[PDB]
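Below: the structure, in structure tokens.
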Amino acid sequence: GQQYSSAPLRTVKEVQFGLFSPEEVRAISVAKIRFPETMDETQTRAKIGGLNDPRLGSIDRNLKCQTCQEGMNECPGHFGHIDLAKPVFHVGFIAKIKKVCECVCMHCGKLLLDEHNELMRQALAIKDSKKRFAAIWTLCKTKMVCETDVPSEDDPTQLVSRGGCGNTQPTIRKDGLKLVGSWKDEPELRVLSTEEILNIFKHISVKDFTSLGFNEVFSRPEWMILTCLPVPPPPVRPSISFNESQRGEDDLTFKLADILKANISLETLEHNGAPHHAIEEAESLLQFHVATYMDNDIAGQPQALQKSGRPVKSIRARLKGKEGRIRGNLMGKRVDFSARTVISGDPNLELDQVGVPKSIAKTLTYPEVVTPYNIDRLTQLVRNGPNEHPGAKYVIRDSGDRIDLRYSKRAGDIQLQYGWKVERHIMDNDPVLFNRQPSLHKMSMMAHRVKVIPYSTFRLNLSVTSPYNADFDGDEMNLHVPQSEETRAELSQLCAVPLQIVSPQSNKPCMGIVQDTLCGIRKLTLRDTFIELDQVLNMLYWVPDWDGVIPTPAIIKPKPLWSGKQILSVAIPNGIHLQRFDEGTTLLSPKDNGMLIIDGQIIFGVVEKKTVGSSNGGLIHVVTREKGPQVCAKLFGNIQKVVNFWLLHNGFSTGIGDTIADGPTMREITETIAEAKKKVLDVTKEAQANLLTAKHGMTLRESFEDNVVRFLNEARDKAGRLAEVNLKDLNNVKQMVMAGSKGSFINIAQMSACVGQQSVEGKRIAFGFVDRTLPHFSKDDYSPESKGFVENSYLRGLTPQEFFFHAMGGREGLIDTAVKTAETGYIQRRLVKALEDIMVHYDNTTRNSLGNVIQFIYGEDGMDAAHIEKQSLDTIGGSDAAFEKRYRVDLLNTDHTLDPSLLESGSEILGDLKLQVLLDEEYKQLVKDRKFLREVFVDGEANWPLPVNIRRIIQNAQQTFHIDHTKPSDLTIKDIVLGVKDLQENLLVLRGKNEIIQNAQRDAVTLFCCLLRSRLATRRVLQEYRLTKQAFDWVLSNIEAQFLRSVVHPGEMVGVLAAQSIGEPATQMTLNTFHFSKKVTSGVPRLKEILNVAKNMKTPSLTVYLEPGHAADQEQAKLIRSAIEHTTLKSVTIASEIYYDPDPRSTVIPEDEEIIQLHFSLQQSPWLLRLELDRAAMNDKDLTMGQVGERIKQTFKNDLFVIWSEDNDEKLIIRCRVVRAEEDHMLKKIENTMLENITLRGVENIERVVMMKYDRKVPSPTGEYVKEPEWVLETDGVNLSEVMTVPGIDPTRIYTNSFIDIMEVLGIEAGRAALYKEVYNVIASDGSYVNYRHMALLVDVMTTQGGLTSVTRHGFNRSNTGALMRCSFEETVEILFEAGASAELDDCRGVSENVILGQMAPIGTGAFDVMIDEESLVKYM
Amino acid sequence: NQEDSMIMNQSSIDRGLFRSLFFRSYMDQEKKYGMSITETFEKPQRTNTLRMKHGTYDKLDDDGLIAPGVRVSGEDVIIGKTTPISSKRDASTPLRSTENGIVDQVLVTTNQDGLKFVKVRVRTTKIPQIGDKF
Amino acid sequence: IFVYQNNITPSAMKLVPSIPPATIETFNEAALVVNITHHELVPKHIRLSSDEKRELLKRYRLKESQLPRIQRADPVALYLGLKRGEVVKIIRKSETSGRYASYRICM
Amino acid sequence: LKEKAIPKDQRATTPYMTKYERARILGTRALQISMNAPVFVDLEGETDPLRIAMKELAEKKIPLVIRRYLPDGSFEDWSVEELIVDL
Ligand SMILES: [Mg+2]
Ligand SMILES: [Zn+2]
Ligand SMILES: [Zn+2]
């Protein structure tokens, strides 16, 4: 850096990894490093001709470099070299060297397996440089002969010489950093010398090693072995030289002197009187120091510790992540022009502003270039100085030399010159990046307008609290000041707060009204709330935009009074039209329910969380989409300014009074808890009296506990609901719950009525002590009181027992939180590191740094997630009769035409056959759409997020044109029919003059058009909306415009987007799956399970659906449950016995005296095996004695004699004798095969099968979708392949949480579908919503390479992506070592490589190039 | 006072509410490098090639220590010390950049070895402000 | 296509690639009981002709490597008798567009 | 190769300007304006290089051209003058 150089300035387009040849190492070297010493010889404390040494770079601030004579800052440093006394293995290649040895003849250097071998021929064909070496190794490793001759391809009888000697190959093992071979009375054992290995490698043919993973030019296998060691210059190993009489050499400088010392020891030892078994000693030492220098943390070897005992930094350890060069110095950096302080919110800053403390503003600078525009201002700032606020700190001349205004003797008489830079203070409205770490979002870093303020905290608008996830509980934030006119433009035009308002994470806004303003807005907007003139005038003035027009009061005659609703609508801009229905809202909104804003005026409904919050159909969501992100950001401020002012004067509080519930309501709660406790006891005695019958697939204990905790919860809920109801509307806690500002039911419930049952690990407090939860209780006490049910409210106070059990469950929370914060952290990173390089291209395609297609068009529709809104697809639902009434037009039917009251043409349109052909086709298409939609969304769900809010367009049109819902339209049938048809052709996502790209286009707009045809049908357009030609034409031009606006922008870094959009919601998960249908593992642990593509999953299960015409029949369901649920002989057996009953015709056992007499009317072993079966067990599993018997009979065939008692006999018995010395010992083996091995009925792995009456939305004969509940089977095991073929089931519908299995049986395509479902169900369970495309992209990425690619170290990170890119995640040094050994070439298209190289990445703003056209330039002047 | 922030009575803050003292103790030793060669507590000055600090040395007395009454600031040298090499070299202790106060108590003793040992404490009063936690 | 009950001996299995250009398929009777292609989650896979595939790569400026893959052993790949290199056009219904088409190249 | 340049006739990227192309044009032009480059629009008392650049873009008097790279390495060049600026 810094001085001028004539050398051409280019950018790194490629990185060619390879290995150093010793020859290169010498050529490239500036010094032959000879002595371990650093200086002080001849006396002089100044670098020696041996180590460090000037030839390499400077130690001092000398200006000298000897080599370049440039001086510390400019000089990069130059490599020296050490010639090693013997060759040594490069520690990082020992395993590869071993594998190369295993592939080649350790004598003639020929590759052990020729193109003569068929398997080898297939292995050789492998194009992957690494996968080839893998296949080659596996084939050659088990070849212990270097063949002289081999059978010819023509005939295997007449053998052909392939070349090569006839030597036996050794069985190589790794013993430390040595390789030992074993050839073939008794095997020959000897170490393989580094020289010998090297010589054999030098003899491997180019064709042979390029067939292995290697490269003739860049990485010849012989270069894995080191002979000439490069010596890194001082800037790699800086001598931190403090004072004069002291220095401080780097770890690497010591380790190199150790290498040097060991080397001279060896070279002097071998040259002189070599004892040859003292030479091998010093050589092992040199091998150790050269190994331990590069990697010190070697597998099962001692660490090469310092004097101190301190392990020694290996070069490896330097680069090894989180703090390595890669993760800590390159993907992350500490940076200049950055600030940080405590944040505290401000109601008087605008949404997009940031309060910067004067001190911070006075430190951070912007380099402004002196130009005729600012020359005057800039001279004032320079005059002001570095101490006054709007001032400057430095003046940079043309010369490039910096003037310090703090000390310059000319600081007062500086006369600026165009071209000079004035490093001025950051002033109001400078764009700056503001950030709250962890940065899990696009929104965790947004651009703000500076507002220089007093006091030491960063001030922010409260509505921007939510995207940052900031509190003022003492939170600090980072500010980053851009320095280019260009990087500011980036901040302002791409990441400024107003733009970031409607987030693509959930196609909804990520900011809304909160806290005071949310609480106060409900309060202001009540029917009961009225404002006197005095205050109305202040509340108006406070709105900075206010047109200066005092609105006419709602009440005039008794007293001029305005309503809350009224004067709040002053902040709501004109043309804002919102409609919402809650509970039972009518147009005469009785409860002040729902919301109705017309032309930006509140007609009815209280303004709370659903309206003014960060809601999907938000007042914010609409104001952005309709008026601009700017207009919307203003609205945040305006709403705040009014509401906050009104609340400042109304006031708001909370006290113990607000937790206090009515005396009789308390009596009612105490009773509710009491009756529940008794309901529990009644069950507790029922189970103690053995009358309680266990639930299917549940222990008596499991069954009892389920009921108990169900009652004790039902109890807490009811008790709370009593307080909730009894709390007046004046209850401050209720008031906060109502606005939605803070709190919920459970908060009220726990504080006022009852805290509830405490739980740890899903169950009530367990007996930690022998049969008791605490010593304060008696043994075997299953009571609500003993197992942790907190009878009391927070108001009443907990008992000592209650207090501890609460503390037990409480602690489980704190741990689980701590653990999830960790677990979700990594999940986010692996998601990001797996999707980084995914971007939308100028061809609407979604590709990675390899240009491999992931999505053929972003999120299957090609739309930007932010420009989407949930919309209803009308044609899907309802009766066919109601659809007909809505959409059918029949100009040939006197009572099914359009009345002339609807359009002018009405009278003359009746009977028009040619026109009926248009409406007939129009309707035939609406019918087509209806059946298609019903194929897509099977449940008949109509509300789907789509891109153009058509409802709003028609709304605005009606308002705009003052559509009179009385006089007939001037539209024609052709105007509507063909106008809609023509609009469809202009909704372009993909442009391309070919059938592929064009059909792609048709598909991408298939759903939107369905909605379009649905909303703009002839009858709707004329009868419903009462559109004029003008109005209609406008609706069309707007749908078109809005649609085009909605498509994704090429450059969209859609990969990171998706990653973060799944990741950040994961960090907000409570979990695991409540504290108790099936209890399937969910949230963070199941998400970890998914991304890892874990084979052994926690809750594997099937969902078997019954055959179509069998859904209602429970008996059919029972039959299948019976047919699939696995049953063993073990499960029905009481006991197994061996007797000595020598006569088969008689019996010692008198019970069986009857059993023999019968099974011996219409030679054997004297030893009998008798099994007693449990009637009860046989009854739950609906088994017969003969059923069991026959199963045993077929298991042993003609080898075991089976007799059995009948289903009537008092005791259920099975008698077994063996067929045809040492016989008794055999029966014990049979009894194990009988219990353990034998399967009676059911499918293996399918362990517990539950019957469930699931609801199902299905079309009725009449047409309308109707709840048709079906019987369904839930498994406790997986065997898809087998349960699919079972009769009585719907194999077209069967599902499994194990998508690994779906992939295996139904294909990668179905595997993708199931994978999405499972990812979605993790997110959906936590309530939270993530837009389809994000989850789709992750799922698509894990699937493109046919099969399930994990989001792990050995998943995505083992792709053919950039070596530099992949090292940036998890296997860093190992990755880079393989890069050299296989001569990898990094394309440099991954974000990561350009981040490492400090180059403008091909991302967003980097996706294209900018050029000056001299032609147009000369045309403009 | 939104999102866990609070309003405080300025009038009360003045009257002394939640106002606190703050002390910091800085320490040094006259190290004995080899035999006879010892570090010296003294107010140094520009002599041959000594790497002196940027801060004000003028607050130090001849003993290389500030007097207890004195008000210190920024990088003001609170302990003056020299190290000899083979004239002198600086080894003086300046007050923490990010801090300021009034010299509180200055302690002059001997460490077990028999060498000069010094502890300088600086007192500052910290009045509740806008970013302060409670 | 040989539909076998339990097993085809490895001595018999040697004969499968023994008579080219003709290709031989071994299918276990038990796997064929249920037509997996009929499943809810299984979309329609369409085998593309040499010309159809050539056009695909042309129109998206693709190298075969760039195309999303399907294993030669994938249940649907086996059903359609897909050979290496054969490209399949997969048409699935979408909640975003109505219908979406992906392509998968064989391995 | 120069099979790289896709011709004006038969070009298929959006005839509209991307949010990024706008951010980079405005930035580039403001940077150029800021370091005393000739301005093609009449500054009607304007002084912020971004505000001047915005005026330049608004009058389509920006003499830059966007080179849109395709995944294969080919490209379509589009002039600031010809791109639709909806945004
Ligand atoms: Mg906090
Ligand atoms: Zn140099
Ligand atoms: Zn050989």
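Just remember, in the structure tokens the first chain shown is A, the second B, etc., residues are 1-based per chain, and ligands are 1-based in the order shown.
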Report as a short mmCIF file (atom, residue, chain, number, x, y, z; two decimals) with N, CA, C and O atoms, in the first residue's frame which protein, DNA and RNA residues come within 12 Å of ligand 3, using only C-alpha atoms and all ligand atoms.
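Output (result-v3.cif):
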data_model
loop_
_atom_site.label_atom_id
_atom_site.label_comp_id
_atom_site.auth_asym_id
_atom_site.auth_seq_id
_atom_site.Cartn_x
_atom_site.Cartn_y
_atom_site.Cartn_z
N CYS A 101 1.24 -44.21 -1.87
CA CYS A 101 2.06 -45.41 -1.65
C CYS A 101 1.23 -46.68 -1.82
O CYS A 101 1.68 -47.64 -2.44
N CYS A 103 -1.39 -47.06 -3.69
CA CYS A 103 -1.81 -47.15 -5.10
C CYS A 103 -0.70 -47.54 -6.08
O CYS A 103 -1.00 -48.05 -7.17
N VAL A 104 0.55 -47.24 -5.74
CA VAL A 104 1.69 -47.45 -6.62
C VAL A 104 2.58 -48.61 -6.13
O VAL A 104 2.54 -48.96 -4.94
N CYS A 105 3.36 -49.22 -7.05
CA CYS A 105 4.32 -50.24 -6.68
C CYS A 105 5.48 -49.52 -6.00
O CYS A 105 6.10 -48.64 -6.61
N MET A 106 5.76 -49.91 -4.75
CA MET A 106 6.84 -49.32 -3.94
C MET A 106 8.25 -49.69 -4.42
O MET A 106 9.21 -49.63 -3.65
N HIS A 107 8.37 -50.03 -5.72
CA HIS A 107 9.64 -50.42 -6.30
C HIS A 107 9.85 -49.90 -7.73
O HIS A 107 10.93 -49.35 -7.99
N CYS A 108 8.88 -50.08 -8.64
CA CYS A 108 9.06 -49.62 -10.02
C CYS A 108 8.27 -48.34 -10.34
O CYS A 108 8.48 -47.75 -11.41
N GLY A 109 7.43 -47.89 -9.42
CA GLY A 109 6.67 -46.65 -9.56
C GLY A 109 5.47 -46.71 -10.48
O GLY A 109 4.87 -45.67 -10.80
N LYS A 110 5.11 -47.92 -10.92
CA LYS A 110 3.95 -48.12 -11.77
C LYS A 110 2.71 -48.17 -10.88
O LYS A 110 2.76 -48.66 -9.75
N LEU A 111 1.61 -47.63 -11.40
CA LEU A 111 0.30 -47.64 -10.76
C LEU A 111 -0.17 -49.13 -10.83
O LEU A 111 -0.34 -49.69 -11.92
N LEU A 112 -0.25 -49.77 -9.64
CA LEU A 112 -0.57 -51.18 -9.38
C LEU A 112 -1.69 -51.80 -10.24
O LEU A 112 -1.61 -53.00 -10.55
N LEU A 113 -2.73 -51.01 -10.59
CA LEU A 113 -3.84 -51.48 -11.43
C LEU A 113 -3.95 -50.69 -12.73
O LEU A 113 -4.11 -49.48 -12.75
N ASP A 114 -3.82 -51.43 -13.82
CA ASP A 114 -3.83 -50.96 -15.19
C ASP A 114 -5.22 -50.77 -15.75
O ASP A 114 -6.21 -51.28 -15.20
N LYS A 143 -4.26 -54.61 -3.57
CA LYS A 143 -3.44 -55.21 -4.64
C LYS A 143 -2.01 -55.26 -4.05
O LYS A 143 -1.38 -54.21 -3.89
N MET A 144 -1.55 -56.47 -3.64
CA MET A 144 -0.24 -56.67 -3.01
C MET A 144 0.81 -57.33 -3.92
O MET A 144 1.81 -57.89 -3.45
N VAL A 145 0.58 -57.23 -5.23
CA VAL A 145 1.44 -57.76 -6.27
C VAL A 145 1.56 -56.67 -7.35
O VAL A 145 0.55 -56.09 -7.77
N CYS A 146 2.79 -56.39 -7.79
CA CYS A 146 2.99 -55.51 -8.93
C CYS A 146 3.10 -56.55 -10.04
O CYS A 146 4.06 -57.33 -10.05
N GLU A 147 2.05 -56.68 -10.87
CA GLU A 147 2.00 -57.74 -11.89
C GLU A 147 2.99 -57.53 -13.02
O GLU A 147 3.22 -56.39 -13.44
N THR A 148 3.58 -58.64 -13.49
CA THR A 148 4.52 -58.66 -14.61
C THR A 148 3.68 -58.82 -15.86
O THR A 148 3.86 -58.09 -16.84
N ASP A 149 2.74 -59.78 -15.80
CA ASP A 149 1.81 -60.18 -16.85
C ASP A 149 0.39 -60.25 -16.27
O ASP A 149 0.22 -60.41 -15.06
N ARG A 162 2.01 -56.43 -19.17
CA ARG A 162 1.57 -55.06 -18.98
C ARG A 162 2.74 -54.16 -18.58
O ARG A 162 2.59 -52.94 -18.53
N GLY A 163 3.88 -54.79 -18.29
CA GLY A 163 5.08 -54.12 -17.83
C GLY A 163 5.17 -54.15 -16.32
O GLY A 163 4.32 -54.76 -15.66
N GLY A 164 6.20 -53.52 -15.77
CA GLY A 164 6.42 -53.50 -14.33
C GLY A 164 7.02 -54.79 -13.81
O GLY A 164 6.80 -55.86 -14.38
N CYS A 165 7.79 -54.68 -12.70
CA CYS A 165 8.49 -55.78 -12.01
C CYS A 165 7.50 -56.78 -11.39
O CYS A 165 6.32 -56.78 -11.71
N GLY A 166 8.00 -57.62 -10.50
CA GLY A 166 7.17 -58.59 -9.81
C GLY A 166 7.43 -58.57 -8.33
O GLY A 166 7.77 -59.60 -7.74
N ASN A 167 7.31 -57.39 -7.71
CA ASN A 167 7.59 -57.26 -6.28
C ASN A 167 6.34 -57.31 -5.44
O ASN A 167 5.26 -56.91 -5.90
N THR A 168 6.47 -57.84 -4.21
CA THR A 168 5.35 -57.90 -3.27
C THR A 168 5.19 -56.53 -2.66
O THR A 168 6.18 -55.83 -2.42
N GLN A 169 3.95 -56.14 -2.43
CA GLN A 169 3.65 -54.83 -1.89
C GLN A 169 3.42 -54.86 -0.38
O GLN A 169 2.87 -55.84 0.13
N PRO A 170 3.88 -53.81 0.35
CA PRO A 170 3.71 -53.82 1.82
C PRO A 170 2.35 -53.40 2.32
O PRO A 170 1.66 -52.61 1.68
N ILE A 200 10.31 -43.22 -5.13
CA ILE A 200 9.20 -43.96 -5.74
C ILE A 200 8.22 -42.97 -6.38
O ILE A 200 7.77 -43.19 -7.51
N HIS A 203 9.45 -41.42 -9.56
CA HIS A 203 9.34 -42.44 -10.61
C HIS A 203 7.91 -42.68 -11.12
O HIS A 203 7.75 -43.44 -12.08
N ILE A 204 6.87 -42.06 -10.49
CA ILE A 204 5.47 -42.18 -10.92
C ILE A 204 5.33 -41.34 -12.19
O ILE A 204 5.69 -40.15 -12.17
#
(request) Could you please select, counting only C-alpha atoms, the residues of chain A within 6 Å of chain D and state them as JSON, numbers by chain? (result) {"A": [373, 485, 486, 489, 490, 493, 842, 851, 991, 992, 1049, 1404, 1405, 1408, 1409, 1410, 1411, 1412, 1413, 1416, 1417]}
Neighbourhood of ligand 2 at 6 Å, counting only C-alpha atoms and all ligand atoms, reported as an NGL selection string: :A and (57 or 65 or 67-68 or 75 or 77)
Ligand 1: which residues are within 6 Å, counting only C-alpha atoms and all ligand atoms? Reply as a compact mmCIF listing (two decimals) with N, CA and C atoms, in the first residue's frame.
# COMPACT_ATOMS: atom_id res chain seq x y z
N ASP A 471 -33.85 -3.32 23.06
CA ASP A 471 -34.52 -2.96 24.33
C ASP A 471 -33.66 -1.77 24.81
N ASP A 473 -32.95 -1.72 28.08
CA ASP A 473 -32.56 -2.44 29.30
C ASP A 473 -31.01 -2.30 29.47
N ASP A 475 -28.96 -1.81 26.33
CA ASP A 475 -28.46 -2.30 25.04
C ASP A 475 -27.58 -1.30 24.36
*asked:* Can you tell me which residues surround region 1280-1295 of chain A at a distance of at most 8 Å, considering only C-alpha atoms, apart from same-chain residues fewer than 6 positions away, and format the answer as a count of residues only?
replied: 22
Practice problem: For region 76-87 of chain C, list every protein, DNA or RNA residue within 10 Å, evaluated using only C-alpha atoms, and leave out those in the same chain fewer than 5 positions away; present the list as number ranges by chain. | Solution: A: 1305-1310; C: 1, 23-27, 32, 35-37, 42-50, 52-54, 56, 64, 67-71, 103-107
Query - DSSP helix (DSSP H, G or I) residues within chain D, listed as a ChimeraX atom specification - result: /D:19-34,49-58
query = Quick one: which residues from chain A are at most 10 Å off chain B, using only C-alpha atoms, as a PyMOL selection string?
reply = chain A and resi 243-246+341-347+454-458+462+465+470-475+514-517
Write to file, as a CSV table (one decimal), in the first residue's frame, the residues of the selection just made, with N, CA, C and O atoms.
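Result went into part.csv, see below:
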chain,number,residue,atom,x,y,z
A,243,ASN,N,11.7,-1.4,23.7
A,243,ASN,CA,12.9,-0.8,24.1
A,243,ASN,C,14.1,-1.0,23.2
A,243,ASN,O,13.9,-1.3,22.0
A,244,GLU,N,15.4,-0.8,23.7
A,244,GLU,CA,16.6,-1.0,22.9
A,244,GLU,C,17.2,-2.3,23.3
A,244,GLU,O,17.3,-3.2,22.4
A,245,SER,N,17.5,-2.5,24.6
A,245,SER,CA,18.1,-3.7,25.2
A,245,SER,C,17.2,-5.0,25.1
A,245,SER,O,17.6,-6.1,25.6
A,246,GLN,N,16.0,-4.9,24.5
A,246,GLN,CA,15.0,-6.0,24.5
A,246,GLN,C,14.4,-6.2,23.1
A,246,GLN,O,14.4,-5.2,22.3
A,341,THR,N,-22.4,3.0,21.4
A,341,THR,CA,-22.8,3.5,22.7
A,341,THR,C,-24.1,2.8,23.1
A,341,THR,O,-24.7,2.1,22.2
A,342,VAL,N,-24.6,3.1,24.3
A,342,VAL,CA,-25.9,2.7,24.8
A,342,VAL,C,-27.0,3.4,24.0
A,342,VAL,O,-26.8,4.5,23.6
A,343,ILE,N,-28.0,2.6,23.7
A,343,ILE,CA,-29.2,3.2,22.9
A,343,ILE,C,-30.3,3.4,23.9
A,343,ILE,O,-30.3,2.8,24.9
A,344,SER,N,-31.1,4.5,23.6
A,344,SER,CA,-32.3,4.9,24.3
A,344,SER,C,-33.3,5.6,23.3
A,344,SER,O,-32.8,6.4,22.6
A,345,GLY,N,-34.5,5.1,23.3
A,345,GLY,CA,-35.6,5.5,22.4
A,345,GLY,C,-36.1,6.9,22.6
A,345,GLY,O,-36.1,7.4,23.8
A,346,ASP,N,-36.6,7.5,21.5
A,346,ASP,CA,-37.0,8.9,21.4
A,346,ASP,C,-38.3,9.1,20.6
A,346,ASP,O,-38.3,8.8,19.4
A,347,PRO,N,-39.4,9.6,21.2
A,347,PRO,CA,-40.6,9.8,20.4
A,347,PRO,C,-40.6,11.0,19.5
A,347,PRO,O,-41.5,11.1,18.7
A,454,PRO,N,-27.4,16.2,22.0
A,454,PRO,CA,-26.6,16.2,23.2
A,454,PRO,C,-26.7,14.8,23.9
A,454,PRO,O,-27.5,13.9,23.4
A,455,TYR,N,-26.1,14.6,25.0
A,455,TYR,CA,-26.1,13.4,25.8
A,455,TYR,C,-25.4,12.2,25.1
A,455,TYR,O,-25.2,12.3,23.9
A,456,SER,N,-25.0,11.3,25.9
A,456,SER,CA,-24.1,10.2,25.4
A,456,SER,C,-24.7,8.9,24.8
A,456,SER,O,-24.0,8.0,24.5
A,457,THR,N,-26.1,8.9,24.6
A,457,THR,CA,-26.7,7.7,24.0
A,457,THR,C,-27.2,7.9,22.5
A,457,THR,O,-27.6,9.1,22.2
A,458,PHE,N,-27.2,6.8,21.8
A,458,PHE,CA,-27.7,6.8,20.4
A,458,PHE,C,-29.2,6.8,20.6
A,458,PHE,O,-29.7,5.9,21.4
A,462,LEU,N,-39.0,4.6,18.3
A,462,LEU,CA,-39.4,3.3,19.0
A,462,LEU,C,-40.0,2.3,18.0
A,462,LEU,O,-39.9,1.1,18.3
A,465,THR,N,-37.6,-0.4,16.9
A,465,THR,CA,-37.1,-1.2,18.0
A,465,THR,C,-37.2,-2.7,17.6
A,465,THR,O,-36.2,-3.5,17.7
A,470,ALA,N,-33.9,-4.6,19.7
A,470,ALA,CA,-33.4,-3.7,20.7
A,470,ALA,C,-34.4,-3.5,21.8
A,470,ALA,O,-35.6,-3.4,21.6
A,471,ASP,N,-33.9,-3.3,23.1
A,471,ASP,CA,-34.5,-3.0,24.3
A,471,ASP,C,-33.7,-1.8,24.8
A,471,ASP,O,-32.6,-1.5,24.3
A,472,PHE,N,-34.1,-1.0,25.8
A,472,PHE,CA,-33.3,0.1,26.4
A,472,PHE,C,-32.9,-0.4,27.8
A,472,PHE,O,-32.4,0.5,28.6
A,473,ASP,N,-33.0,-1.7,28.1
A,473,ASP,CA,-32.6,-2.4,29.3
A,473,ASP,C,-31.0,-2.3,29.5
A,473,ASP,O,-30.4,-2.9,30.4
A,474,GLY,N,-30.4,-1.4,28.7
A,474,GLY,CA,-29.0,-1.1,28.7
A,474,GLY,C,-28.2,-1.6,27.4
A,474,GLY,O,-27.0,-1.6,27.4
A,475,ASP,N,-29.0,-1.8,26.3
A,475,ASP,CA,-28.5,-2.3,25.0
A,475,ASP,C,-27.6,-1.3,24.4
A,475,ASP,O,-27.9,-0.1,24.5
A,514,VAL,N,-46.0,0.5,18.6
A,514,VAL,CA,-45.7,-0.3,19.8
A,514,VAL,C,-45.9,0.4,21.1
A,514,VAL,O,-46.0,1.7,21.1
A,515,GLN,N,-45.8,-0.3,22.2
A,515,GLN,CA,-45.8,0.2,23.6
A,515,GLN,C,-46.8,1.4,23.8
A,515,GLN,O,-48.0,1.2,23.5
A,516,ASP,N,-46.3,2.6,24.4
A,516,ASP,CA,-47.1,3.7,24.7
A,516,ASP,C,-48.1,4.1,23.6
A,516,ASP,O,-49.3,4.1,23.9
A,517,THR,N,-47.6,4.2,22.4
A,517,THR,CA,-48.4,4.6,21.2
A,517,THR,C,-49.4,3.5,20.9
A,517,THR,O,-50.5,3.9,20.5
For residue 16 (chain B): contacts at 12 Å, only C-alpha atoms, fewer than 5 positions along chain excluded, given as JSON, numbers by chain:
{"B": [9, 10, 11, 21, 125, 126, 127, 128]}
From CA of residue 70 (chain B) to CA of residue 123 (chain B) the spacing works out at 10.7 Å
Going by DSSP on the backbone, which residues of region 989-1178 of chain A come out as strand (DSSP E)? List them as JSON, numbers by chain.
{"A": [1102, 1103, 1104, 1105, 1127, 1128, 1133, 1134, 1135, 1136, 1137, 1138, 1139, 1140, 1164, 1165, 1166, 1167, 1168, 1169, 1170, 1171, 1172, 1173]}
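CA of residue 1122 (chain A) lies 24.5 Å from CA of residue 1196 (chain A).
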